[PDB]
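Undergrad: Contents of protein.cif (mmCIF, N, CA, C and O atoms) are given next:
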data_data
#
loop_
_atom_site.label_atom_id
_atom_site.label_comp_id
_atom_site.auth_asym_id
_atom_site.auth_seq_id
_atom_site.Cartn_x
_atom_site.Cartn_y
_atom_site.Cartn_z
N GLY V 1 -44.17 150.83 -7.61
CA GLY V 1 -43.12 151.34 -6.76
C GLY V 1 -41.94 150.40 -6.66
O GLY V 1 -40.86 150.79 -6.19
N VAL V 2 -42.13 149.17 -7.09
CA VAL V 2 -41.09 148.17 -7.05
C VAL V 2 -40.40 148.13 -8.40
O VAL V 2 -41.04 147.86 -9.41
N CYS V 3 -39.15 148.42 -8.43
CA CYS V 3 -38.43 148.39 -9.67
C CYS V 3 -37.50 147.20 -9.70
O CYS V 3 -36.67 147.02 -8.81
N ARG V 4 -37.69 146.37 -10.69
CA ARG V 4 -36.84 145.22 -10.88
C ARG V 4 -35.93 145.47 -12.07
O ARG V 4 -36.37 146.06 -13.06
N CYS V 5 -34.70 145.10 -11.98
CA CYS V 5 -33.82 145.28 -13.10
C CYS V 5 -33.26 143.97 -13.54
O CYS V 5 -32.69 143.19 -12.75
N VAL V 6 -33.43 143.72 -14.78
CA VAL V 6 -32.94 142.53 -15.42
C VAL V 6 -31.71 142.91 -16.20
O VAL V 6 -31.79 143.72 -17.12
N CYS V 7 -30.60 142.38 -15.83
CA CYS V 7 -29.39 142.72 -16.51
C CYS V 7 -28.95 141.63 -17.43
O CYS V 7 -28.88 140.45 -17.05
N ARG V 8 -28.70 142.01 -18.63
CA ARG V 8 -28.28 141.10 -19.66
C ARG V 8 -27.31 141.81 -20.57
O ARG V 8 -27.59 142.91 -21.03
N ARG V 9 -26.14 141.23 -20.75
CA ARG V 9 -25.13 141.73 -21.68
C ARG V 9 -24.65 143.15 -21.25
O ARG V 9 -24.22 143.97 -22.05
N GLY V 10 -24.71 143.40 -19.96
CA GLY V 10 -24.31 144.70 -19.42
C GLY V 10 -25.42 145.74 -19.49
O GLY V 10 -25.29 146.84 -18.96
N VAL V 11 -26.50 145.39 -20.14
CA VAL V 11 -27.64 146.27 -20.29
C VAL V 11 -28.67 145.89 -19.24
O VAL V 11 -29.06 144.73 -19.14
N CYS V 12 -29.08 146.83 -18.44
CA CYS V 12 -30.06 146.53 -17.44
C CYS V 12 -31.40 147.13 -17.79
O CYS V 12 -31.56 148.34 -17.92
N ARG V 13 -32.37 146.28 -17.92
CA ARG V 13 -33.70 146.68 -18.25
C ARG V 13 -34.49 146.71 -16.97
O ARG V 13 -34.70 145.68 -16.33
N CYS V 14 -34.83 147.88 -16.55
CA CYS V 14 -35.56 148.04 -15.34
C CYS V 14 -37.02 148.25 -15.61
O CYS V 14 -37.42 149.02 -16.50
N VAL V 15 -37.80 147.54 -14.88
CA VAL V 15 -39.23 147.55 -15.00
C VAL V 15 -39.79 147.95 -13.66
O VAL V 15 -39.55 147.27 -12.65
N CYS V 16 -40.47 149.05 -13.62
CA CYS V 16 -41.08 149.48 -12.40
C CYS V 16 -42.54 149.09 -12.37
O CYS V 16 -43.27 149.24 -13.37
N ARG V 17 -42.94 148.55 -11.27
CA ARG V 17 -44.27 148.08 -11.06
C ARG V 17 -44.68 148.33 -9.62
O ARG V 17 -44.11 147.75 -8.69
N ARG V 18 -45.60 149.26 -9.45
CA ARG V 18 -46.20 149.60 -8.15
C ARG V 18 -45.11 150.04 -7.13
O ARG V 18 -45.11 149.63 -5.96
#
Write the structure described by the file as structure tokens, please.

TA:
Amino acid sequence: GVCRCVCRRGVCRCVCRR
């Protein structure tokens, strides 16, 4: 349920976990 977004080079990679 927790989504973290890692933004790099304008691209955000979101990873959802629980």

Undergrad: Taking the file as shown, what set of residues would the PyMOL selection byres ((chain V and resi 1) around 7) give back, as number ranges by chain?

TA: V: 2-3, 16-18

Undergrad: Give as number ranges by chain every residue, naming chains and numbers as the document does, that has an atom within 7 Å of (-33.9, 146.2, -12.1), counting only C-alpha atoms.

TA: V: 3-6, 12-15

Undergrad: Using DSSP secondary structure from the backbone, list all strand (DSSP E) positions within chain V, as a count of residues only.

TA: 14

Undergrad: Axis-aligned box over every listed atom of stretch 6-10 of chain V, padded by 3 Å per side: centre and edges in Å to one decimal, as JSON?

TA:
{"center_x": -28.8, "center_y": 143.6, "center_z": -18.4, "size_x": 15.2, "size_y": 12.4, "size_z": 13.3}
